[PDB]
């Protein structure tokens, strides 16, 4: 059996696991022709997010039996083309809770302390900015969490207890006792969260219900002094609404790690604003998180080649 890695894994341990049982070829940032030639006789494919696996490549891969993404997202793979050939598409979700939690805290604190802005002011000799702008004390402020899942709960717990924040959570699919557990208050009215919050951090699953759930109307209800943090999925925010909200001062700032579409263009209208900070979809990509996802991707590839059913099938009908 031969296996093709389109893009490197997040940690070489998954590659050595694969090399012990299959013939592996790795290609980095490939052109389409490289993909076409290397995929023809291969049994398994790994795809480093967010590069795309199209129907032409899938059709050219005569022996292909398993496709594994690098993380949770499967929007870059032509899943329909893979199910038509009966090819298993496999996921690697939920291995980066701690990484994203830490990343969310870093971005909440960064906005609160105005870190990126005050850094340039000092590097530009404007230390006298001490007399103009002031950092925000997180203690006693209200954090609003959209989505009280694995990451939302962990962020909720740290902010209420260690950082002494009041935390509200909006999540229609969770009991109020789950908020109590992490010292938060569940709220059924998103409006109450939006009007109450000094910081809003998005952690919901991307559904039809949450797609673009943060639009202009939401940004109007938010405090003008409040900040948005999005480490969930890019589609949760209606991007031009955020541009307008930032421009017209409907909110005070933003920190985002997830874009729509991905990769974002080099002329994205949000890059202009100084009160909007960015990270290139790395909240879940620490060495520890990458090692878990790499081992998970290798394992699910091997199990399919050995006929054992893997845990994270995206198209269980095949």
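Positions refer to the first chain, counted from 1.
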Looking only at CA atoms, which has the higher mean B factor in the entry: 246 to 254 or 282 to 290? 246 to 254
Higher-scoring stretch by recorded Cα B factor average, 67 to 75 or 211 to 219: 211 to 219
Quiz for you: based on the deposited Cα B-factor, which of 183, 113, 233, 84 is highest? 84
Entry-reported C-alpha B-factor of residue 127 relative to its chain, by third, is highest
B-factor third for the C-alpha atom of residue 28 within its chain: highest
Residue 134 - Cα temperature factor, lowest/middle/highest third of chain: highest
Taking the values exactly as deposited, rank residue 120 by C-alpha B-factor within its chain and report the matching third: lowest, middle or highest. highest
Third of the chain's Cα B-factor distribution that residue 151 belongs to, per the entry: lowest
